[PDB]
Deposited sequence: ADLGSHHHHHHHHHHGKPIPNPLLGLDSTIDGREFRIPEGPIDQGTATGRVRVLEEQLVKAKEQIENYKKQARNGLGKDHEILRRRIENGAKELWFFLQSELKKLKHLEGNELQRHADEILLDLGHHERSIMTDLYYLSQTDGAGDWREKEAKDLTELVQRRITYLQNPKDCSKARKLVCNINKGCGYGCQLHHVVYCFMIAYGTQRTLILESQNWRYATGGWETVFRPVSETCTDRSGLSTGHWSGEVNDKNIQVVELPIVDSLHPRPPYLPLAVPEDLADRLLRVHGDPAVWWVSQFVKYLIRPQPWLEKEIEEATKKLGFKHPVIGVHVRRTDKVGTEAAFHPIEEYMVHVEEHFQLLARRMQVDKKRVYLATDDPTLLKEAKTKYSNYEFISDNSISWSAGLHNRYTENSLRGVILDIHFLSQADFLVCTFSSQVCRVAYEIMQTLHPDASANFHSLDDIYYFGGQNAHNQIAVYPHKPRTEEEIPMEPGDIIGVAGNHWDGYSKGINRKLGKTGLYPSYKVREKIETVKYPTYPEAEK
């Protein structure tokens, strides 16, 4: 069971490429120290240009390393097996034989917010139902986006059990006090007391190791399984999506861009820099016939501006063809090869979540101009310091290996902001010096779903 030749050649090529980059940077930075004025700026720009191509060659070799010696086919098979297992468990939970006797969790969709926020409310309900072995019952009467209900757009969340009948009923009071309550009604997350453990960003302990073999952010993978089940379309929506795909000429490669302007302002150029950079990366391993962008935005003037400012790009948008508009936007963004947006937007986060269900590991196929991935209502997102940090400025925090860091965000400039939970200090630290603290929870594993 030996090492593959391609694997070893690529590993050594990545090591050598990184070494050569370090040789280059040592030489060129020392030369910059002795320049000034226009020559300093001209040479700095040239260094940046060269560095970019060098960096993308290293990233390309890393991509090949992830695929070599059967790794891509195996990752695809394991990711498929994992989602089939979870979807099987969810479907088993949701379709009891005898609805009148089934334990149930009632969720109301009419949270006071937009479509993404309402979808995520249902997900939060669903994850707790799954954790407490309760069938999710979804109440959607007079839903803002479709007054006919949830089932006018998506499939019902159960085929056998959509009725709320039960011997006992009560508001959520905790898994222990609700032990003998057949039907529990759940409020929005920011009213939930006591909080159960079945919340993001933890993942099921029984799946955690398998997921780390496949996926770079198991927490978002776990969320995405409930999104996947919820958005199973009714046949008319499925047909509308297929026909819109043709009408728009949506085809690959394509990068999705979501520009949310209705309040945090970012000019179109700050999105497109990352779009152009990713197309440069793709072109190192595939022919790019045309640079396509699927643009979703609440700014009605932006599409025309983008087309005129970037005449070498093809812009695709559903503006030509409300609930329909957001559903289609989320769909096409989720199908793109890469996603550039602001994760402060619920819409972009939904698209990123759905994206994880379409590939073995799409966890890194985004760039956010502000927030890192999060789920409203999640438990604290912590990291563990791996290397020490001594602050250079007063805005930086010290770190020793083992310190728990509560991460607020990545500034996408080498530094993150967070709080050192051994010291109580909040500030900046080098992003590379921490690792993610993955939290696991003992969920039911529904072994009966395998028979």
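Undergrad: Missing CA coverage against the deposited sequence, listed in sequence order.
TA: No coordinates exist for the deposited residues in 1-73, 337-342, 401-413, so these stretches are absent from the model.
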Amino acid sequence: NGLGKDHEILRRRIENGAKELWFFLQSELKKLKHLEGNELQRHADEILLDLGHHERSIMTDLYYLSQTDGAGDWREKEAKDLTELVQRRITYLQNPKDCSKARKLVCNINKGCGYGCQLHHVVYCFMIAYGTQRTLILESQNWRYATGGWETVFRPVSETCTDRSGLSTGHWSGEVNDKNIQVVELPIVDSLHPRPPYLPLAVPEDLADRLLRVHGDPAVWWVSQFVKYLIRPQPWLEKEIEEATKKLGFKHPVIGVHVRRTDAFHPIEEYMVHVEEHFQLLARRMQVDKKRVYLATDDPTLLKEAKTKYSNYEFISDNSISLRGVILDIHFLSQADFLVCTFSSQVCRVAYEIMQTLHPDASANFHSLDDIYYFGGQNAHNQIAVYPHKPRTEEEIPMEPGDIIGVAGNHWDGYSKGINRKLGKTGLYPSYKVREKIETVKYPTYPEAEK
From here on, numbers count along this sequence of modelled residues.
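Undergrad: With respect to the recorded C-alpha B factors, which stretch has the higher mean value, 15-23 or 433-441?
TA: According to the entry, 433-441 carries the higher average C-alpha B-factor.
Undergrad: Got a sec? Mean C-alpha B-factor, which is higher, 107-115 or 374-382?
TA: Of 107-115 and 374-382, the stretch with the higher C-alpha B-factor average is 107-115.
Undergrad: Quick one: which of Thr132, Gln287, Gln87, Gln280 shows the highest Cα temperature factor in the PDB entry?
TA: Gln287 has the highest C-alpha B-factor of those listed.
Undergrad: Specify which of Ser224, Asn95, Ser334, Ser322 carries the largest Cα B factor in the deposited PDB entry.
TA: Answer, based on the entry's C-alpha B-factors: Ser322.
Undergrad: Among all modelled residues of this chain, ranked by Cα B factor, put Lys251 in the bottom, middle or top third, i.e. lowest, middle or highest.
TA: It belongs to the middle third of the chain when residues are ordered by C-alpha B-factor.
Undergrad: Thinking about Cα B factors across the chain, which third does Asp298 belong to?
TA: Its C-alpha B-factor belongs to the highest third of this chain's values.
Undergrad: Classify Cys99 as lowest, middle or highest third according to the C-alpha B-factor given in the PDB entry, relative to its own chain.
TA: Tercile = highest for this residue's CA B-factor.
Undergrad: Taking only the Cα B-factors deposited for this chain, tell me whether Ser66 sits in the lowest, middle or highest third.
TA: Lowest third.
Undergrad: According to the PDB entry, is the CA B factor of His120 in the bottom, middle or top third of its chain, that is, lowest, middle or highest?
TA: CA B-factor rank for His120: lowest third.
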